[PDB]
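[1] Here's my sequence, what's the structure:
(2 chains)
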Amino acid sequence: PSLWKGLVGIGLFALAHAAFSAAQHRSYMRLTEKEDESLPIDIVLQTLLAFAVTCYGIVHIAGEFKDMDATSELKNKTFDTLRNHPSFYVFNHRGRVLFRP
Amino acid sequence: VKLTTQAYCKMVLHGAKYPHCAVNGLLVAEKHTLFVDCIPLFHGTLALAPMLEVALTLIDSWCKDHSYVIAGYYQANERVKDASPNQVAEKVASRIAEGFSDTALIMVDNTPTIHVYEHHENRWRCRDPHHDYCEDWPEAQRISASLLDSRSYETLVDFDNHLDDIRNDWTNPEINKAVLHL
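    Numbering: from 1, shown residues only, chains lettered A, B, ... in the order given. Now the structure:
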């Protein structure tokens, strides 16, 4: 589906929110001068989940691959679209006297 | 010597479906001669033997079961003014002459508008400069325009389009099926 863009959007939003939460916790820890200096696992889980979701989403929105075999792109071509040369077109055919003389 | 409204309508439809390219086919009839219908073969580059000699048998296999027999051959040149028969027209007319007498070599003059050359011991000489016989001209001219204005040639299919996809019917059922009710 085309909803992968919204998925990576929500992932990036959650990642930005986790970054803001980490900034707040760092400010608090530098205010109180605690020797633990351990990020809360609550925000660490959010960061990891957002990173995983966003990476899996951008893996999908990157675009699909194409076959390497050239004989696969011309399998639907027909000689009616290969004989025509846009450079050597001539306008003295019957379509001019038939369609709108 | 006369063509049926179905033969003429199929001819003009195939000629209008590919204006920039040439038009060729085989007028088949029942077994004095009346051209009931035509099977359009190819377009564009016609000076090629194998696909032309495949159509012979692939149409005979249908006509022998459908009680038909190939009577003539028509060609429409690329240019709008030149209507002289090429070597291909003669080389195909000579082939049908050995399997059915009274072969007519038809040249669709883009600018009536149809020439009929007959072979009498010396060459292929036309008859349109003197006179051309048909069953009824106004009926054909009306029913042809009735399918032309509706852009039915986009729906018409020939043998070349059938060689690309077999789901297409070279006998044109949906064309003569509309012709009967008009």
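[2] For chain B, which residue gets nearest to chain A?
    Taking C-beta to the nearest C-beta, chain A has its nearest neighbour within chain B at residue B:19, 3.0 Å off. From N, CA and C alone the C-beta is placed, and that goes for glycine too.
[3] Need the phi and psi values for that residue.
    Here is the backbone geometry of residue B:19 (degrees, to the nearest 10): phi -70, psi -40.
[4] My guess is it contacts residue A:97. True?
    No - contact criterion C-beta atoms under 8 Å: residue B:19 and residue A:97 do not qualify, at 9.1 Å.
[5] Between these two, tell me which one has more neighbours.
    residue B:19 (19 against 15; other C-beta atoms under 10 Å in any protein chain shown).
[6] residues contacting the more buried one?
    A:93-96, A:98-99 (C-beta atoms under 8 Å, 6 or more residues apart in numbering or on different chains).
[7] what ranges do the helices span in chain A?
    A:4-32, A:41-61, A:95-98 (DSSP state H).
[8] could you give the angle of the longest one to helix A:41-61?
    Inter-element angle recorded for helix A:4-32 and helix A:41-61: 150 degrees (by axes from the mean of the first three to the mean of the last three C-alpha atoms, to 10 degrees).
[9] Can you tell me how far the closest residue to the residue of chain B closest to chain A other than its chain neighbours is from residue B:11?
    Computed as C-beta to C-beta, 6 or more residues apart in numbering or on different chains, the closest residue to residue B:19 that is not its neighbour in sequence is residue A:95, at 3.0 Å. Note on residue A:95: its distance to residue B:11, by C-beta to C-beta, to the nearest Å, is 16 Å.
[10] Up against chain A, what does chain B have?
    B:15-16, B:19-21, B:43-45, B:76, B:78-81, B:110-111, B:160, B:164 (C-beta under 8 Å from any C-beta of the partner chain).
[11] among those, which are in helices?
    B:15-16, B:160, B:164.
[12] If any of these are buried, give me the PyMOL selection for them.
    Buried subset of those, written as a PyMOL selection, criterion 16 or more other C-beta atoms under 10 Å in any protein chain shown:
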select buried, chain B and resi 15+16+160
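[13] Could you give me the buried positions within stretch A:36-53?
    A:43, A:46-47, A:50, A:53.
[14] ok now it, how far from the chain's centre?
    Counting by C-alpha atoms, centre = their mean, to the nearest Å, stretch A:36-53 is centred 25 Å from the centre of its parent chain.
[15] who's in contact with that stretch?
    Contact partners of stretch A:36-53, identified using C-beta under 8 Å, 6+ apart, comprise A:7, A:10-12, A:14-15, A:17-19, A:21-22, A:25, A:29.
[16] Please check those residues and keep the buried ones.
    Buried among the contacts of stretch A:36-53 (16+ other C-beta under 10 Å): A:7, A:11, A:14-15, A:18, A:21-22.
[17] my guess is residue B:105 meets residue B:117, correct?
    Yes - Residue B:105 is in contact with residue B:117 according to C-beta under 8 Å; the separation is 4.1 Å.
[18] what about the residue of chain A found nearest chain B, neighbour count?
    Chain A approaches chain B most closely through residue A:95 (3.0 Å), counting by C-beta to the nearest C-beta. Using other C-beta under 10 Å, residue A:95 has 17 neighbouring residues.
[19] cool, and residue B:150?
    Counted with other C-beta under 10 Å, residue B:150 comes out at 11.
[20] Quick one: neighbours of residue B:99, just the number.
    Residue B:99: 11 neighbours (other C-beta under 10 Å).
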